[PDB]
Asker: 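Below is one structure. I have some questions about it.
Numbers here are sequence positions counted from 1. Remember, it's 1-based here, ligands and their atoms both numbered in the order they're listed.
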Amino acid sequence: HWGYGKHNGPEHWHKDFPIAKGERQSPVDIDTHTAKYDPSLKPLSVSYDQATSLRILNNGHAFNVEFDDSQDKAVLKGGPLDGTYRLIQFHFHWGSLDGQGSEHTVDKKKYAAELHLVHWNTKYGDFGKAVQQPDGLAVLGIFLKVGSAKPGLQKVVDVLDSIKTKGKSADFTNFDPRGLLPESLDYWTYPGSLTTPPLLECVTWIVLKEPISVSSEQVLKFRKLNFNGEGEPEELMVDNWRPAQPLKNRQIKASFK
Ligand SMILES: Clc1ccccc1OCc1nnn[nH]1
Ligand SMILES: Clc1ccccc1OCc1nnn[nH]1
Ligand SMILES: [Zn+2]
């Protein structure tokens, strides 16, 4: 029954998921003056040419666009990563207002939203095995600011009225996630966690410095989604973000000077 409300939100999670107060929780604030450029980071490789999207699902917390990850079709390699990480899904976190919504922050700045492209390390064979490993997942995180429309997002926003409530899904084939990327792949990286229960400490976070711009109209439509199921009282799907957690004994590394 976790969620994002007063009674079941991030401040409550620790009672069922005590790793909420662990040593490598996400998100974090990225202090741009303290992150250190790491000249040994190898180049980042985003290889999504063969991506095979399947379905879009409202899971009660966000909406997920799922991919076929039964072979190496859309993968992330390089950067801080060893080996090959297969794309399984992407989703977003967003706010009730344009001044909040991202999970990560940059010198305490909140963006309107944050895109997470979730990938798992193919040496562990499946996603469920990978989340039990400290290097099991790699999440590519992309900030959204409100400005000009992002054309490569519009197919997503146009299908949202078909998955308004919890447990609704729709066909979502032939979607190319390359349309969601900014021009630059300059990034920050640190070891962290899932940002929702079960908050497992299994994620290499790779957060792009360059946000994408989306229109007010596009993000307005995210906010028309519902956390509730059909035939239940309406609760708008807004503010599905966890606030920044203590950095503890971690260093954030930059790919760029
Ligand atoms: Cl996150 C997850 C993905 C797939 C299968 C199981 C998963 O969580 C397992 C779990 N739940 N509580 N601790 N580990
Ligand atoms: Cl990807 C996933 C599967 C099961 C439970 C939670 C999951 O992701 C949580 C997360 N981490 N960063 N954003 N969402
Ligand atoms: Zn996420």
Asker: Would you mind checking which non-hydrogen protein atom is closest to atom 9 (C) of ligand 2, with the distance to 0.1 Å?
Answerer: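 The answer is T196 OG1, 2.9 Å.
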Asker: Please say whether more than 12 non-hydrogen atoms of neighbouring residues, nucleotides or ligands are located less than 6.0 Å from CD in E210.
Answerer: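 Check passes, neighbour count above 12.
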Asker: Strictly inside 4.0 angstrom of atom 6 (C) of ligand 1, do you find any protein heavy atom?
Answerer: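 There is no protein heavy atom less than 4.0 Å from atom 6 (C) of ligand 1.
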Asker: Are any of the N/O atoms in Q89 less than 3.5 Å from those in ligand 2?
Answerer: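 N/O-N/O distance under 3.5 Å: no.
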Asker: Give a yes/no verdict on a cation-pi contact between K109 and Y111, requiring under 6.0 Å between NZ or CZ and the six-membered ring centre and an angle within 45° of the axis.
Answerer: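 Here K109 passes the 6.0 Å and 45° test against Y111.
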Asker: Please list the nearest protein heavy atom to atom 8 (O) of ligand 1 with its residue and the distance rounded to 0.1 Å.
Answerer: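 Looking only at protein heavy atoms, the one closest to atom 8 (O) of ligand 1 is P198 CG, 3.7 Å.
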Asker: Near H91, which atoms of ligand 2 are under 4.0 Å from a heavy atom of that residue?
Answerer: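 Ligand 2 atoms under the 4.0 Å threshold to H91: 13 (N), 14 (N).
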Asker: Specify the protein heavy atom at minimum distance from atom 2 (C) of ligand 1: its residue, its atom name, and the distance to 0.1 Å.
Answerer: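 The protein heavy atom lying closest is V131 CG2, 3.9 Å.
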Asker: Examine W205 together with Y187 and report whether their ring centres are nearer than 6.0 Å.
Answerer: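 Centroid separation for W205 and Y187: 6.0 Å or greater.
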Asker: With distance as the sole criterion, is a donor-acceptor pair present between the side chains of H116 and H93 under 3.5 Å?
Answerer: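 Note: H116 and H93 side chains meet the donor-acceptor criterion.
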Asker: Under 4.0 Å from any heavy atom of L194, which atoms of ligand 2 are there?
Answerer: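 By the 4.0 Å cutoff, the relevant atoms are 6 (C), 8 (O), 9 (C), 11 (N).
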Asker: Is the terminal nitrogen or CZ of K209 (NZ for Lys, CZ for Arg) located under 6.0 angstrom from the six-membered ring centre of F256 and within 45° of that ring's axis?
Answerer: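 The answer is yes; both the distance and angle limits are met.
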Asker: Give the residue, atom name and distance (to 0.1 Å) of the protein heavy atom nearest atom 12 (N) of ligand 2.
Answerer: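 Here the nearest protein heavy atom works out to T195 OG1, 3.1 Å.
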Asker: Could you verify whether a donor N or O on one side chain and an acceptor N or O on the other, from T204 and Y85, lie under 3.5 Å apart?
Answerer: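 Distance-only check fails for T204 and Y85.
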Asker: Near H116, which atoms of ligand 2 are under 4.0 Å from a heavy atom of that residue?
Answerer: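 Ligand 2 atoms under the 4.0 Å threshold to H116: 12 (N), 13 (N).
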Asker: Going by distance only, is there an N or O of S193 that falls short of 3.5 Å from an N or O of ligand 2?
Answerer: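 By distance alone, the answer is no.
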Asker: Between the Zn ion (ligand 3) and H116, which N, O or S atom of the residue is the nearest one?
Answerer: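 Closest to the Zn ion (ligand 3) among those atoms: ND1.
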Asker: I'd like to check which ligand 1 atoms, numbered from 1 as shown, lie under 4.0 Å from a non-hydrogen atom of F127.
Answerer: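 Near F127, meaning under 4.0 Å from one of its heavy atoms, ligand 1 has 3 (C), 4 (C).
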Asker: Would you say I88 and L115 are hydrophobically clustered, going by side-chain heavy atoms of ILVMFWY under 4.5 Å?
Answerer: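 Shared cluster, no.
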Asker: Could you go step by step and tell me if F175 and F67 meet the ring pair (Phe, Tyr, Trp, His ring centres under 6.0 Å) rule?
Answerer: CA-CA 10 Å; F175 177 79; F67 289 78; 7.4 Å; no
Asker: Can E201 and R24 be counted as an ion pair, charged N to O under 4.0 angstrom?
Answerer: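 Not counted as a salt bridge, because no side-chain N and carboxylate O are separated by less than 4.0 Å.
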Asker: Just to confirm my numbers, could you give the angle made at the Zn ion (ligand 3) by NE2 of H93 and NE2 of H91, rounded to 10°?
Answerer: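 My answer is 110°, to the nearest 10°.
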Asker: Considering only the protein, which heavy-atom contact is closest to atom 14 (N) of ligand 1, and what is its distance?
Answerer: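 Here the closest protein heavy atom is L200 CD1, 3.7 Å.
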